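start.pdb (PDB, C-alpha atoms and all ligand atoms)
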```
ATOM      1  CA  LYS A  71      63.244-141.512-118.510
ATOM      2  CA  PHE A  72      64.978-138.118-118.731
ATOM      3  CA  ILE A  73      66.161-138.562-115.132
ATOM      4  CA  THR A  74      69.697-137.366-114.467
ATOM      5  CA  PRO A  75      71.638-139.919-112.376
ATOM      6  CA  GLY A  76      72.051-138.636-108.840
ATOM      7  CA  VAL A  77      68.476-138.138-107.664
ATOM      8  CA  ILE A  78      68.440-141.586-106.050
ATOM      9  CA  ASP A  79      71.772-140.893-104.343
ATOM     10  CA  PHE A  80      70.494-137.555-103.031
ATOM     11  CA  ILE A  81      67.310-139.192-101.734
ATOM     12  CA  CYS A  82      69.222-141.983 -99.998
ATOM     13  CA  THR A  83      71.697-139.558 -98.417
ATOM     14  CA  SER A  84      68.848-137.360 -97.173
ATOM     15  CA  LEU A  85      67.009-140.368 -95.735
ATOM     16  CA  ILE A  86      70.163-141.585 -93.980
ATOM     17  CA  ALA A  87      70.744-138.109 -92.544
ATOM     18  CA  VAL A  88      67.127-137.954 -91.352
ATOM     19  CA  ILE A  89      67.457-141.321 -89.613
ATOM     20  CA  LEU A  90      70.737-140.270 -87.991
ATOM     21  CA  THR A  91      69.166-137.033 -86.764
ATOM     22  CA  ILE A  92      66.137-138.879 -85.376
ATOM     23  CA  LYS A  93      68.393-141.287 -83.485
ATOM     24  CA  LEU A  94      70.497-138.410 -82.144
ATOM     25  CA  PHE A  95      67.357-136.596 -80.982
ATOM     26  CA  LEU A  96      66.098-139.749 -79.254
ATOM     27  CA  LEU A  97      69.453-140.030 -77.482
ATOM     28  CA  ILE A  98      69.196-136.363 -76.467
ATOM     29  CA  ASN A  99      65.709-136.975 -75.076
ATOM     30  CA  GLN A 100      66.922-139.981 -73.081
ATOM     31  CA  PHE A 101      69.836-137.964 -71.691
ATOM     32  CA  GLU A 102      67.567-135.042 -70.798
ATOM     33  CA  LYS A 103      65.122-137.342 -69.005
ATOM     34  CA  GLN A 104      67.980-138.960 -67.075
ATOM     35  CA  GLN A 105      69.376-135.573 -66.041
ATOM     36  CA  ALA A 106      65.918-134.276 -65.121
ATOM     37  CA  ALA A 107      64.723-137.163 -62.954
ATOM     38  CA  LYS A 108      68.107-137.932 -61.414
ATOM     39  CA  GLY A 109      69.301-134.786 -59.621
ATOM     40  CA  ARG A 110      68.599-131.876 -61.956
ATOM     41  CA  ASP A 111      65.774-129.400 -62.493
ATOM     42  CA  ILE A 112      63.775-128.779 -65.674
ATOM     43  CA  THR A 113      65.258-125.504 -66.949
ATOM     44  CA  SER A 114      68.817-126.846 -67.100
ATOM     45  CA  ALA A 115      67.687-130.064 -68.785
ATOM     46  CA  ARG A 116      65.696-128.151 -71.409
ATOM     47  CA  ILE A 117      68.612-125.793 -72.064
ATOM     48  CA  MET A 118      71.013-128.716 -72.478
ATOM     49  CA  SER A 119      68.592-130.521 -74.789
ATOM     50  CA  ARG A 120      68.060-127.513 -77.040
ATOM     51  CA  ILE A 121      71.798-126.781 -77.098
ATOM     52  CA  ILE A 122      72.432-130.350 -78.262
ATOM     53  CA  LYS A 123      69.683-129.996 -80.871
ATOM     54  CA  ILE A 124      71.249-126.772 -82.169
ATOM     55  CA  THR A 125      74.643-128.485 -82.342
ATOM     56  CA  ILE A 126      73.162-131.364 -84.347
ATOM     57  CA  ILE A 127      71.461-128.889 -86.689
ATOM     58  CA  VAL A 128      74.778-127.084 -87.184
ATOM     59  CA  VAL A 129      76.558-130.357 -87.969
ATOM     60  CA  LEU A 130      73.795-131.197 -90.451
ATOM     61  CA  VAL A 131      74.196-127.827 -92.175
ATOM     62  CA  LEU A 132      77.974-128.264 -92.324
ATOM     63  CA  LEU A 133      77.652-131.756 -93.810
ATOM     64  CA  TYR A 134      74.846-130.685 -96.165
ATOM     65  CA  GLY A 135      77.295-128.354 -97.939
ATOM     66  CA  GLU A 136      78.483-131.167-100.221
ATOM     67  CA  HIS A 137      75.462-130.451-102.468
ATOM     68  CA  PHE A 138      75.659-126.723-103.284
ATOM     69  CA  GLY A 139      78.497-124.272-102.765
ATOM     70  CA  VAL A 140      76.223-121.225-102.952
ATOM     71  CA  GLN A 141      73.907-122.360-100.125
ATOM     72  CA  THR A 142      76.180-123.215 -97.176
ATOM     73  CA  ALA A 143      79.752-122.568 -98.348
ATOM     74  CA  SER A 144      79.027-118.832 -98.454
ATOM     75  CA  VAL A 145      77.920-119.123 -94.806
ATOM     76  CA  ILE A 146      79.902-122.106 -93.497
ATOM     77  CA  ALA A 147      83.238-120.376 -94.110
ATOM     78  CA  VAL A 148      82.136-117.763 -91.558
ATOM     79  CA  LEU A 149      80.190-120.011 -89.172
ATOM     80  CA  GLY A 150      83.132-122.368 -88.680
ATOM     81  CA  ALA A 151      85.563-119.540 -87.971
ATOM     82  CA  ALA A 152      83.126-117.873 -85.566
ATOM     83  CA  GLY A 153      82.552-121.152 -83.737
ATOM     84  CA  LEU A 154      86.281-121.803 -83.453
ATOM     85  CA  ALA A 155      86.913-118.287 -82.127
ATOM     86  CA  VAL A 156      84.093-118.661 -79.598
ATOM     87  CA  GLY A 157      85.377-122.047 -78.437
ATOM     88  CA  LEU A 158      88.837-120.561 -77.998
ATOM     89  CA  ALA A 159      87.359-117.690 -75.974
ATOM     90  CA  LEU A 160      84.643-119.863 -74.397
ATOM     91  CA  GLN A 161      86.884-122.806 -73.448
ATOM     92  CA  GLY A 162      85.975-122.232 -69.808
ATOM     93  CA  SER A 163      82.301-122.432 -70.765
ATOM     94  CA  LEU A 164      82.703-125.908 -72.259
ATOM     95  CA  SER A 165      84.816-126.981 -69.283
ATOM     96  CA  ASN A 166      82.077-125.859 -66.887
ATOM     97  CA  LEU A 167      79.398-127.575 -68.974
ATOM     98  CA  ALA A 168      81.321-130.861 -68.958
ATOM     99  CA  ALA A 169      81.935-130.600 -65.214
ATOM    100  CA  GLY A 170      78.232-130.006 -64.630
ATOM    101  CA  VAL A 171      77.285-132.983 -66.785
ATOM    102  CA  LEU A 172      79.684-135.141 -64.769
ATOM    103  CA  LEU A 173      78.268-133.820 -61.485
ATOM    104  CA  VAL A 174      74.760-134.742 -62.627
ATOM    105  CA  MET A 175      75.927-138.188 -63.764
ATOM    106  CA  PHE A 176      78.175-138.935 -60.780
ATOM    107  CA  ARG A 177      76.470-137.519 -57.712
ATOM    108  CA  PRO A 178      79.054-136.530 -55.085
ATOM    109  CA  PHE A 179      76.344-134.304 -53.585
ATOM    110  CA  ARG A 180      72.589-134.005 -54.057
ATOM    111  CA  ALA A 181      70.311-131.015 -53.623
ATOM    112  CA  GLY A 182      69.779-130.237 -49.956
ATOM    113  CA  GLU A 183      73.062-131.832 -48.842
ATOM    114  CA  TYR A 184      75.470-129.772 -46.746
ATOM    115  CA  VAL A 185      78.821-129.833 -48.559
ATOM    116  CA  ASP A 186      82.158-128.021 -48.464
ATOM    117  CA  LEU A 187      83.633-127.207 -51.888
ATOM    118  CA  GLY A 188      87.122-125.751 -51.573
ATOM    119  CA  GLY A 189      86.564-123.807 -48.370
ATOM    120  CA  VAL A 190      82.996-122.681 -49.172
ATOM    121  CA  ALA A 191      80.493-124.684 -47.121
ATOM    122  CA  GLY A 192      76.727-124.500 -47.415
ATOM    123  CA  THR A 193      73.583-126.334 -48.391
ATOM    124  CA  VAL A 194      73.452-127.200 -52.093
ATOM    125  CA  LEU A 195      70.406-125.837 -53.923
ATOM    126  CA  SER A 196      70.816-127.077 -57.504
ATOM    127  CA  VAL A 197      73.454-127.950 -60.117
ATOM    128  CA  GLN A 198      72.945-125.805 -63.217
ATOM    129  CA  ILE A 199      74.630-125.815 -66.633
ATOM    130  CA  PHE A 200      77.622-123.673 -65.650
TER
ATOM    131  CA  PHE B   6      61.245-125.904-119.978
ATOM    132  CA  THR B   7      60.235-129.517-119.367
ATOM    133  CA  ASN B   8      63.875-130.528-119.865
ATOM    134  CA  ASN B   9      64.855-128.872-116.561
ATOM    135  CA  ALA B  10      62.952-131.479-114.567
ATOM    136  CA  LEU B  11      65.551-131.501-111.785
ATOM    137  CA  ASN B  12      65.358-127.721-111.370
ATOM    138  CA  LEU B  13      61.556-127.788-111.432
ATOM    139  CA  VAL B  14      61.500-130.529-108.792
ATOM    140  CA  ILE B  15      63.979-128.707-106.552
ATOM    141  CA  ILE B  16      62.072-125.415-106.777
ATOM    142  CA  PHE B  17      58.755-127.159-106.085
ATOM    143  CA  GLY B  18      60.275-128.973-103.117
ATOM    144  CA  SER B  19      61.676-125.755-101.666
ATOM    145  CA  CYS B  20      58.315-124.015-102.068
ATOM    146  CA  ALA B  21      56.474-126.946-100.485
ATOM    147  CA  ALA B  22      58.932-127.035 -97.582
ATOM    148  CA  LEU B  23      58.447-123.315 -96.954
ATOM    149  CA  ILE B  24      54.658-123.663 -97.103
ATOM    150  CA  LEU B  25      54.656-126.664 -94.759
ATOM    151  CA  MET B  26      56.938-124.883 -92.287
ATOM    152  CA  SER B  27      54.615-121.870 -92.326
ATOM    153  CA  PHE B  28      51.594-124.118 -91.751
ATOM    154  CA  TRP B  29      53.296-125.926 -88.863
ATOM    155  CA  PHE B  30      54.308-122.635 -87.251
ATOM    156  CA  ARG B  31      50.774-121.240 -87.577
ATOM    157  CA  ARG B  32      49.315-124.265 -85.788
ATOM    158  CA  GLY B  33      52.122-124.235 -83.222
ATOM    159  CA  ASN B  34      55.083-121.994 -82.452
ATOM    160  CA  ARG B  35      58.394-123.412 -83.643
ATOM    161  CA  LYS B  36      60.833-124.612 -80.990
ATOM    162  CA  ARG B  37      64.523-123.682 -80.530
ATOM    163  CA  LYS B  38      64.986-120.182 -82.051
ATOM    164  CA  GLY B  39      62.236-118.256 -83.791
ATOM    165  CA  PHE B  40      64.867-117.893 -86.504
ATOM    166  CA  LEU B  41      63.709-121.259 -87.897
ATOM    167  CA  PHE B  42      61.484-119.624 -90.510
ATOM    168  CA  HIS B  43      64.343-117.282 -91.456
ATOM    169  CA  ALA B  44      66.756-120.191 -91.944
ATOM    170  CA  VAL B  45      64.112-122.014 -93.989
ATOM    171  CA  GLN B  46      63.710-118.917 -96.158
ATOM    172  CA  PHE B  47      67.491-118.668 -96.538
ATOM    173  CA  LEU B  48      67.756-122.294 -97.661
ATOM    174  CA  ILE B  49      64.838-121.946-100.085
ATOM    175  CA  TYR B  50      66.430-118.815-101.558
ATOM    176  CA  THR B  51      69.726-120.672-101.979
ATOM    177  CA  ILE B  52      67.894-123.489-103.765
ATOM    178  CA  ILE B  53      66.103-120.982-106.006
ATOM    179  CA  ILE B  54      69.370-119.239-106.880
ATOM    180  CA  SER B  55      71.005-122.579-107.713
ATOM    181  CA  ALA B  56      68.044-123.451-109.940
ATOM    182  CA  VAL B  57      68.272-120.040-111.621
ATOM    183  CA  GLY B  58      71.971-120.588-112.280
ATOM    184  CA  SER B  59      71.229-123.998-113.779
ATOM    185  CA  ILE B  60      68.506-122.531-116.003
ATOM    186  CA  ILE B  61      70.879-119.760-117.106
ATOM    187  CA  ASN B  62      73.479-122.378-118.031
ATOM    188  CA  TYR B  63      70.829-124.311-119.967
ATOM    189  CA  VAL B  64      69.773-121.150-121.812
ATOM    190  CA  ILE B  65      73.363-120.234-122.682
ATOM    191  CA  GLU B  66      73.975-123.763-123.975
ATOM    192  CA  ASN B  67      70.559-123.775-125.704
ATOM    193  CA  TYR B  68      69.315-120.211-126.278
ATOM    194  CA  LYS B  69      71.059-116.998-127.295
ATOM    195  CA  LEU B  70      73.296-115.438-124.648
ATOM    196  CA  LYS B  71      72.454-111.876-125.786
ATOM    197  CA  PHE B  72      76.148-110.991-125.410
ATOM    198  CA  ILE B  73      75.899-111.815-121.692
ATOM    199  CA  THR B  74      78.908-113.629-120.266
ATOM    200  CA  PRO B  75      77.819-116.547-118.038
ATOM    201  CA  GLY B  76      78.399-115.672-114.403
ATOM    202  CA  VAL B  77      76.309-112.543-113.907
ATOM    203  CA  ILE B  78      73.388-114.603-112.597
ATOM    204  CA  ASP B  79      75.697-116.489-110.229
ATOM    205  CA  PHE B  80      77.170-113.224-108.940
ATOM    206  CA  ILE B  81      73.692-111.767-108.413
ATOM    207  CA  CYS B  82      72.472-114.852-106.555
ATOM    208  CA  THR B  83      75.571-114.978-104.346
ATOM    209  CA  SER B  84      75.209-111.280-103.515
ATOM    210  CA  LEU B  85      71.516-111.715-102.692
ATOM    211  CA  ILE B  86      72.262-114.707-100.456
ATOM    212  CA  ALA B  87      74.988-112.737 -98.677
ATOM    213  CA  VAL B  88      72.608-109.799 -98.200
ATOM    214  CA  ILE B  89      69.956-112.069 -96.691
ATOM    215  CA  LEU B  90      72.518-113.691 -94.389
ATOM    216  CA  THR B  91      73.748-110.279 -93.248
ATOM    217  CA  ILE B  92      70.193-109.067 -92.618
ATOM    218  CA  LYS B  93      69.449-112.146 -90.512
ATOM    219  CA  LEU B  94      72.701-111.721 -88.576
ATOM    220  CA  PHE B  95      71.879-108.063 -87.911
ATOM    221  CA  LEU B  96      68.389-109.000 -86.702
ATOM    222  CA  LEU B  97      69.966-111.532 -84.340
ATOM    223  CA  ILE B  98      72.385-108.849 -83.120
ATOM    224  CA  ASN B  99      69.473-106.487 -82.481
ATOM    225  CA  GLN B 100      67.603-109.162 -80.523
ATOM    226  CA  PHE B 101      70.705-109.903 -78.446
ATOM    227  CA  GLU B 102      71.319-106.205 -77.791
ATOM    228  CA  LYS B 103      67.714-105.686 -76.686
ATOM    229  CA  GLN B 104      67.940-108.699 -74.366
ATOM    230  CA  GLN B 105      71.186-107.442 -72.828
ATOM    231  CA  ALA B 106      69.818-103.903 -72.500
ATOM    232  CA  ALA B 107      66.489-104.673 -70.830
ATOM    233  CA  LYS B 108      67.757-107.566 -68.727
ATOM    234  CA  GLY B 109      70.556-106.239 -66.502
ATOM    235  CA  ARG B 110      72.739-104.044 -68.704
ATOM    236  CA  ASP B 111      72.926-100.360 -69.588
ATOM    237  CA  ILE B 112      72.720 -98.765 -73.041
ATOM    238  CA  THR B 113      76.358 -97.873 -73.752
ATOM    239  CA  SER B 114      77.615-101.438 -73.311
ATOM    240  CA  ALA B 115      74.782-102.852 -75.423
ATOM    241  CA  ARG B 116      75.454-100.367 -78.230
ATOM    242  CA  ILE B 117      79.190-101.089 -78.127
ATOM    243  CA  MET B 118      78.572-104.839 -78.288
ATOM    244  CA  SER B 119      76.107-104.422 -81.154
ATOM    245  CA  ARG B 120      78.456-102.285 -83.231
ATOM    246  CA  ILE B 121      81.374-104.625 -82.508
ATOM    247  CA  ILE B 122      79.292-107.542 -83.793
ATOM    248  CA  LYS B 123      78.305-105.501 -86.851
ATOM    249  CA  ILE B 124      81.964-104.708 -87.573
ATOM    250  CA  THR B 125      82.839-108.392 -87.214
ATOM    251  CA  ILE B 126      80.100-109.352 -89.680
ATOM    252  CA  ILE B 127      81.326-106.691 -92.113
ATOM    253  CA  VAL B 128      84.869-108.060 -91.818
ATOM    254  CA  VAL B 129      83.664-111.609 -92.489
ATOM    255  CA  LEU B 130      81.745-110.323 -95.515
ATOM    256  CA  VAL B 131      84.856-108.599 -96.869
ATOM    257  CA  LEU B 132      86.933-111.739 -96.315
ATOM    258  CA  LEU B 133      84.367-113.919 -98.096
ATOM    259  CA  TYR B 134      83.840-111.343-100.862
ATOM    260  CA  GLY B 135      87.467-111.841-101.945
TER
HETATM  261  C1  LIG A 301      66.874-120.532 -73.873
HETATM  262  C2  LIG A 301      68.387-120.660 -73.999
HETATM  263  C3  LIG A 301      68.857-120.593 -75.445
HETATM  264  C4  LIG A 301      70.320-120.958 -75.654
HETATM  265  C5  LIG A 301      70.518-121.947 -76.797
HETATM  266  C6  LIG A 301      71.977-122.281 -77.080
HETATM  267  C7  LIG A 301      72.762-121.128 -77.696
HETATM  268  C8  LIG A 301      74.162-121.530 -78.143
HETATM  269  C9  LIG A 301      74.970-120.375 -78.719
HETATM  270  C10 LIG A 301      76.400-120.762 -79.078
HETATM  271  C11 LIG A 301      77.285-119.570 -79.417
HETATM  272  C12 LIG A 301      78.738-119.964 -79.645
HETATM  273  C1  LIG A 302      74.457-143.357 -68.973
HETATM  274  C2  LIG A 302      75.714-142.806 -69.633
HETATM  275  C3  LIG A 302      75.472-141.484 -70.351
HETATM  276  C4  LIG A 302      76.742-140.840 -70.890
HETATM  277  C5  LIG A 302      76.470-139.830 -71.995
HETATM  278  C6  LIG A 302      77.138-138.477 -71.780
HETATM  279  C7  LIG A 302      76.671-137.423 -72.777
HETATM  280  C8  LIG A 302      77.321-136.059 -72.577
HETATM  281  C9  LIG A 302      76.584-134.931 -73.288
HETATM  282  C10 LIG A 302      77.476-133.744 -73.632
HETATM  283  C11 LIG A 302      76.698-132.506 -74.064
HETATM  284  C12 LIG A 302      77.580-131.470 -74.746
HETATM  285  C1  LIG A 303      76.123-144.244 -61.268
HETATM  286  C2  LIG A 303      76.191-144.269 -62.790
HETATM  287  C3  LIG A 303      77.600-144.030 -63.315
HETATM  288  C4  LIG A 303      77.681-143.897 -64.830
HETATM  289  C5  LIG A 303      79.052-143.437 -65.307
HETATM  290  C6  LIG A 303      79.405-143.907 -66.713
HETATM  291  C7  LIG A 303      80.819-143.533 -67.135
HETATM  292  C8  LIG A 303      80.881-142.372 -68.122
HETATM  293  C9  LIG A 303      82.254-142.215 -68.765
HETATM  294  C10 LIG A 303      82.418-140.915 -69.542
HETATM  295  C11 LIG A 303      83.809-140.752 -70.142
HETATM  296  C12 LIG A 303      84.025-139.393 -70.793
HETATM  297  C1  LIG A 304      82.472 -96.379 -79.805
HETATM  298  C2  LIG A 304      83.342 -97.620 -79.652
HETATM  299  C3  LIG A 304      83.946 -98.072 -80.974
HETATM  300  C4  LIG A 304      84.621 -99.436 -80.929
HETATM  301  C5  LIG A 304      84.199-100.334 -82.087
HETATM  302  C6  LIG A 304      84.906-101.682 -82.113
HETATM  303  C7  LIG A 304      86.383-101.592 -82.479
HETATM  304  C8  LIG A 304      87.032-102.957 -82.681
HETATM  305  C9  LIG A 304      88.519-102.880 -83.004
HETATM  306  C10 LIG A 304      89.182-104.249 -83.115
HETATM  307  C11 LIG A 304      90.701-104.183 -83.186
HETATM  308  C12 LIG A 304      91.349-105.561 -83.164
HETATM  309  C1  LIG A 305      69.047-116.623 -75.299
HETATM  310  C2  LIG A 305      70.376-117.274 -75.659
HETATM  311  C3  LIG A 305      71.352-116.302 -76.309
HETATM  312  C4  LIG A 305      72.738-116.891 -76.540
HETATM  313  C5  LIG A 305      73.531-116.137 -77.599
HETATM  314  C6  LIG A 305      74.934-115.738 -77.156
HETATM  315  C7  LIG A 305      75.618-114.798 -78.142
HETATM  316  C8  LIG A 305      77.020-114.378 -77.717
HETATM  317  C9  LIG A 305      77.537-113.159 -78.470
HETATM  318  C10 LIG A 305      79.058-113.091 -78.544
HETATM  319  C11 LIG A 305      79.582-111.742 -79.023
HETATM  320  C12 LIG A 305      81.045-111.798 -79.440
END
```
Translate the structure of the given file into structure tokens.
Amino acid sequence: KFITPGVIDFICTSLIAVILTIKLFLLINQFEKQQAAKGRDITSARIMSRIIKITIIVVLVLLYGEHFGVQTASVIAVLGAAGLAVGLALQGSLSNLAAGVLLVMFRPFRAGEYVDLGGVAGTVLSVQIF
Amino acid sequence: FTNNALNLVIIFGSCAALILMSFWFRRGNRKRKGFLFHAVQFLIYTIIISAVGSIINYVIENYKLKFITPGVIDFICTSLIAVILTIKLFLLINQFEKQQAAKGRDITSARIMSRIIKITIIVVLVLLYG
């Protein structure tokens, strides 16, 4: 019917990607709710959620490049290098983010609990992203 | 021509996606970055340039080339996509510089950061232009 083979494959790949993204976003929402109503505030949870959403969007764009080389290849070649350079410079940022996520998950101390962290004692106000 | 059904469908889909995104944003502000409508425009422009390249190939294999070597359209579309990407990156740099300036920072540091980012983008352009 004058239909070039490949349209069905494109549709199925797009649908699979959409389902994967929806599941990832549901997981992000569950994680954000757990962080919020466990020990964390709202601003940090929202920031973490939107960071995860941006990361998923970036991974989608990177994987979507298998269709056209003039749509994402002309931009992915720079985005990947910039992200790698930032991660190399920002390694401490990711380390702090992971440590904060662990502190929210495992609760050695809660807000309003007098603690001593390496010679610096005082009441804990809130655990933020970094 | 009716033969380019795939190109017609892709262009119509890109246009419909842009229109729907505009309608959604009018009813409610888009989440994450405001750059969502800029990324949507970038992707639609990439799709349009791919369709234009396909139609040029069809014309060259069907219609007279008018002594035009195939590739000029591809070069033009790639250059236009790069220009749009650079404009969006520069707008993001300007937003970041304004935020740094009128948040806690002075003007000299903000200007230096902005021009450093501009130089980095120019370098990435030169590297990709090779
Ligand atoms: C409201 C806070 C917005 C921050 C969203 C995440 C930004 C990630 C930038 C990554 C640069 C390497
Ligand atoms: C209940 C167990 C949850 C464990 C999931 C951890 C997810 C870490 C998110 C990392 C964000 C960059
Ligand atoms: C009190 C709930 C504890 C949940 C901890 C789950 C273990 C996460 C392992 C992460 C490995 C990177
Ligand atoms: C007025 C300050 C000009 C500095 C502009 C950035 C220079 C970057 C040089 C990078 C060398 C590796
Ligand atoms: C509101 C969130 C803004 C986050 C963007 C960070 C950009 C870092 C610039 C790095 C310059 C080399």
Each residue of chain A with at least one atom at most 10 Å from ligand LIG 303 (chain A) should appear once, together with its nearest atom pair and the corresponding distance in Å (one decimal); atoms considered: only C-alpha atoms and all ligand atoms; ordering: chain, then increasing residue number; output as JSON lines.
```
{"residue": "A:168", "atom": "CA", "partner": "A:LIG303", "partner_atom": "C12", "distance": 9.1}
{"residue": "A:171", "atom": "CA", "partner": "A:LIG303", "partner_atom": "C10", "distance": 9.8}
{"residue": "A:172", "atom": "CA", "partner": "A:LIG303", "partner_atom": "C10", "distance": 8.0}
{"residue": "A:174", "atom": "CA", "partner": "A:LIG303", "partner_atom": "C2", "distance": 9.6}
{"residue": "A:175", "atom": "CA", "partner": "A:LIG303", "partner_atom": "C4", "distance": 6.1}
{"residue": "A:176", "atom": "CA", "partner": "A:LIG303", "partner_atom": "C1", "distance": 5.7}
{"residue": "A:177", "atom": "CA", "partner": "A:LIG303", "partner_atom": "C1", "distance": 7.6}
```
Atoms to include: C-alpha atoms. Write the selected residues as a compact mmCIF listing (two decimals), in the frame of the given file.
```
# COMPACT_ATOMS: atom_id res chain seq x y z
CA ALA A 168 81.32 -130.86 -68.96
CA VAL A 171 77.28 -132.98 -66.78
CA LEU A 172 79.68 -135.14 -64.77
CA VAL A 174 74.76 -134.74 -62.63
CA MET A 175 75.93 -138.19 -63.76
CA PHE A 176 78.18 -138.94 -60.78
CA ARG A 177 76.47 -137.52 -57.71
```
Nearest residue to chain A out of B:16, B:128, B:77, B:98, using only C-alpha atoms?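 Among B:16, B:128, B:77, B:98, it is B:128 that comes nearest to chain A.
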Which residues form the shell of 8 Å around ligand LIG 304 (chain A) when you count all atoms listed in the file, given as a ChimeraX atom specification? /B:117,120-121,124
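Distances to chain B were evaluated for A:138, A:80, A:179, A:200 using all atoms listed in the file, and the minimum falls at A:138.
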What gap, in Å, lies between atom CA of residue 111 of chain A and atom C12 of ligand LIG 305 (chain A)? 28.8 Å
Proximity check chain A to ligand LIG 301 (chain A), 6 Å, nearest pairs one decimal Å, all atoms listed in the file, as JSON lines:
```
{"residue": "A:117", "atom": "CA", "partner": "A:LIG301", "partner_atom": "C2", "distance": 5.5}
{"residue": "A:121", "atom": "CA", "partner": "A:LIG301", "partner_atom": "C6", "distance": 4.5}
{"residue": "A:153", "atom": "CA", "partner": "A:LIG301", "partner_atom": "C12", "distance": 5.7}
{"residue": "A:156", "atom": "CA", "partner": "A:LIG301", "partner_atom": "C12", "distance": 5.5}
```
For a quick check of understanding, using only C-alpha atoms, which of A:99, A:91, A:105, A:125 has the smallest distance to chain B?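 Among the listed residues, the smallest separation from chain B belongs to A:125.
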Please list as a ChimeraX atom specification every residue within 12 Å of residue 18 of chain B, counting all atoms listed in the file and excluding residues in the same chain fewer than 3 positions away. /B:11-15,21-25,48-50,52-53,56
Can I get the selection written as a short mmCIF file (atom, residue, chain, number, x, y, z; two decimals), keeping the file's coordinate frame, with C-alpha atoms?
```cif
data_model
loop_
_atom_site.label_atom_id
_atom_site.label_comp_id
_atom_site.auth_asym_id
_atom_site.auth_seq_id
_atom_site.Cartn_x
_atom_site.Cartn_y
_atom_site.Cartn_z
CA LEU B 11 65.55 -131.50 -111.78
CA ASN B 12 65.36 -127.72 -111.37
CA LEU B 13 61.56 -127.79 -111.43
CA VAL B 14 61.50 -130.53 -108.79
CA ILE B 15 63.98 -128.71 -106.55
CA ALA B 21 56.47 -126.95 -100.48
CA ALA B 22 58.93 -127.04 -97.58
CA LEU B 23 58.45 -123.32 -96.95
CA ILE B 24 54.66 -123.66 -97.10
CA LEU B 25 54.66 -126.66 -94.76
CA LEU B 48 67.76 -122.29 -97.66
CA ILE B 49 64.84 -121.95 -100.08
CA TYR B 50 66.43 -118.82 -101.56
CA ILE B 52 67.89 -123.49 -103.76
CA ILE B 53 66.10 -120.98 -106.01
CA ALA B 56 68.04 -123.45 -109.94
#
```
